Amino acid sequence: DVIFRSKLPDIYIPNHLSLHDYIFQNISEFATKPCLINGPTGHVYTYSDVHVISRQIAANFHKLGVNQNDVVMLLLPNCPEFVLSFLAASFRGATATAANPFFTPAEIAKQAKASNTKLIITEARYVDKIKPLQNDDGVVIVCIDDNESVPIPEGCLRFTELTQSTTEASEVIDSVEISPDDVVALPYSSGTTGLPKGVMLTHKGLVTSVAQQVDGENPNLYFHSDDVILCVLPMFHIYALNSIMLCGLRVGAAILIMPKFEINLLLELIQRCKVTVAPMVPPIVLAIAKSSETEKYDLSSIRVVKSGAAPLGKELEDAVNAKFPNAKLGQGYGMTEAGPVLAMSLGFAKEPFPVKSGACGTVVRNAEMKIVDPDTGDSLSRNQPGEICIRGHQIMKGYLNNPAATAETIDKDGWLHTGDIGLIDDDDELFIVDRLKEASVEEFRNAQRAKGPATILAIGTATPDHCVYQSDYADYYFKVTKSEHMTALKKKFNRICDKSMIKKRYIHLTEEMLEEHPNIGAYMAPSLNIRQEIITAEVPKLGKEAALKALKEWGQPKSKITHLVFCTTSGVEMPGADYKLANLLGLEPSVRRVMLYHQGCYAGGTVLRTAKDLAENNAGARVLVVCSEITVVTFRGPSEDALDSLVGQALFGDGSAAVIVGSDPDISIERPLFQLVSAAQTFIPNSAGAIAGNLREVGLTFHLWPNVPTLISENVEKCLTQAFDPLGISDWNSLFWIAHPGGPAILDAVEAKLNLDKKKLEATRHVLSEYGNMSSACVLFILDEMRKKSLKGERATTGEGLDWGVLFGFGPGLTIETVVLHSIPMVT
C-alpha cells in the first residue's frame, strides 16, 4: 500500500463552476428558509436574501474600483456582513482575505500590503488601525455599523451603501469568464516554516473540498437543510469559512452566528435556536463540561459536536456524552494549504462508519494520501509513522508571489507536504502524532544568603583614661557637684556606693569639665546643648578605639566589613555616629549601617540580634558591631527627691565594645569565639516606666522602680524555657551565663530565683566590679572576659567549658533580650 483512499466512493464534482454558482446551485429548494441568523439579535437573512444582496454588493464593489482578480479584505468578528462580503467578492470575480480584528496596525498593514488589498470591510472601532492605508495608500473603507445617529470616521462608507440597488453595475453580472483556477479566498498561514504566507485557494479548489465534505449519497459530513450550524469559531480562519459557512450554505442549512463566545450566551442560543451542529474548540468544550449551568437549558437538539483544530482528552469525550446523549463526536484534520480539509471523521457520514478515539478521521474522497519517510521519498504502509502528504484538486493553487515555498511544499508530482507526521491503521482511520519540530528570584535569593550560623570572630574593648574608684566616689561627687552642704544625703550615697558591688569605673567626664560647665553638675539646669557637643564627638572616638582592637584581632581587611551596627544611648544627630565612625575607620562607603539611638541597657542583646540576621542573610557578610557609652549624657547633681537618679550616678560608667560577626568562617585566619543560635525579645506587662528615661533641656533624665529586680526575676524563667525548650535543655546551671549587670540587686534576684551555682555569674560580676554598668556594651565586655578566662584556664570550650549559653539584656519598659549562644571547642 503506497497510496491511501477514503472508504467512500469517488463522487461527481462540478469544479468547472464558480464557487457561488455551486454553493447556490440548489437554492431554489432553500430560497425562503433561514440562511444567516445573527444569534444575539435574532435577525434572519434567507437564502434568497443572501443571494440577492451579495450580488448587489458585488455590483457596488465594482463602483468602488474593485475589479476582477484584485483583493478585498475583511476585518471583522463573526457577523452576517462577513458572509455577504465574502460571497460578494466571489460574485465579482474578486478575491477575499480576512484578518483578526484583534491584530495590530502592524500585522494588519503588513497583510494588507502583501495582498494588494484595494478595500476593507470592518467595524467602526478598528478604523484607526487602518488609518494609514486609508489616507496615504488610498484604500477604500467600509463600516458595518448601522446606527445612523452615530457618525463613522470621515472618509468611511456605511455598509448599507453597498446593499443599495443599481442596475448598471448588474451589466457586470459577468464575467462569462470566470475560471476554475481564478483565486477567490486568500487566507494567511502560520506557515510550514516561519513567516506568514498568503495561500491561494481557487474556485475549483473550494468547490472540490466542499463537495468532498457534504456531497454524495453518503456524505462524509452529513448536513440536512433543517440543520442549524453554530459558527462561534472565527470566520477569518479558513476552517470556519469552509466547513461551516460554505458547507452549511451548500446544503441549505441555517447558520447561527455568534460574534463573541460566552458560556451562558452559548447555552441560551442553543436552546432557543435549536442548534443541531456545534463546531467548537477544546477550550469551549472544556468550559461547557465544567459548568453546572447545563442542567437548566434543554440541549437535546445538538446532534453533532465537531472539534476543529482541537483534540479532546477522552475525559472530555465522556463529559460531552453525558451532557449530550444525542451527539456524535469527531475531529477533522485541517491545514490551510490543504484546502483546508484532509481527513474527516466517518462517524459523521449519513450512513456512519465505526470510529476509534484519538483518531483524526479518514482521508477525504476524490483525493489520494501517502505517508512518506522524511528526507527520503519512500512511501510507508499501515501503522508506520511518517510525513503526511495529500494530492487532489482541493489543495491550494500555491503561495501568492512565492514560487519558492510553493515548490518546496507542493512537489513536482502534485503532493502537498503538510510537515506533520502520522500513521493510517488497518481501518483506514488516520492518527496524528507530531510535527517537523523534533538568574531568577528563586536562585538569586539562595545565591545571596549565607549558609551557616552567625558567629563572633573578634571582640575589643576601650575605656576612657579617667578612672574613679568607688571608695572615693561619694566624696568626689558631692565635691564636684557642689552638694557638700547636704550631709544627710551624702551619708546615703555612701551606703549606695558600698552596696553597689562596683570597685572602679572609667569616666570621660572630669572635674575640669564641670568647672567649665557647671550646668552639667547642677541637679536641673539646662545642660542639653553642651552634653550633646561632648558626646557627639566622644562616642565615635571611643567606639573607634574598640572597633580597632577588634579589627586587629580579626586580621582581615576593613574593605571586607560589609555592615556596621552602632549602638549608643544618646548623642542623636544626623548624619549620626554610624557615619562618623565609618569615616574614622575608613570603611567602604557602601557599608550598610544600622544606627541604634536611645535603646537602653537591653541594647546589648539588640545589636547581637541585629547582627545575626544581617550576617546569616548575606553571603560573605562580615558585621562590625560597636556599642559606645559616655555618661556625660546622664550625669547630674543630687536631689533629696530623686533617689533613683542617685543610684544611677553610682552605677553607670563609660565604655565601648566592638564585635565582628559573620557566617561561614574561613578557618584559615579566622577564629570563631561564639555562635548566635537564637535571638528573642519580649517586654513585661505594666512595667513601662520601671526603667525609663526622657530627653529634656536638662539632659537625659532616668528613673527606676524599686521592684525592677523582682520584675526581672519573675519573667527570666519563661524567657529561658521559651528559648531552650526547642533545644531540650531544662538545666540552667549547665549553661554558661552572661547577664547585663544592671545592678547587683538584679543579679542576686535572678540567681536566687533559678538557684544558680554561685559561680555562674562570676564573669558578669567581674565586669561589673571592674567597669561599672556600661549599659549596652556590658554583655560584650562579659563575653570578652568569659572567652579570655576560658582560654587562660585551658577549658574545653570558649564557654567556660560548657556547650550552651545564654545572654540577657535588661532595659527600661522591661524589654528583655534573650540570646542563645553555642560555645566553641578549644584545641587543648
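When you see a residue number, it is the position in the sequence shown, counting from 1.
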Q.
Our gap detector needs a label for residue 438 to residue 439. Which class matches the unmodelled residues of the deposited sequence there: none, 1 to 3, 4 to 9, or 10 or more?
A. 10 or more
Q) Taking only the CA atoms, which stretch has the higher mean B-factor in the record, 314 to 322 or 462 to 470? A) 314 to 322
Q. Which has the higher mean CA temperature factor in the PDB entry, 166 to 174 or 269 to 277?
A. 166 to 174
Q. Going by the entry, which of 699, 521, 665, 105 has the most elevated CA B factor?
A. 105
Q.
Quiz for you: based on the deposited Cα B-factor, which of 476, 652, 126, 223 is highest?
A. 126
Q: Grab the CA temperature factor for residue 34 from the record and place it in the lowest, middle or highest third of its chain.
A: lowest
Q: Would you mind ranking residue 766 by its C-alpha B-factor against the rest of the chain and naming the third, lowest, middle or highest?
A: lowest
(Q) Considering every modelled residue of the chain and its Cα B-factor in the PDB entry, is residue 3 in the lowest, middle or highest third? (A) highest
Q: Among all modelled residues of this chain, ranked by Cα B factor, put residue 826 in the bottom, middle or top third, i.e. lowest, middle or highest.
A: highest
**Q.** Chain-relative CA temperature factor third for residue 498
**A.** middle
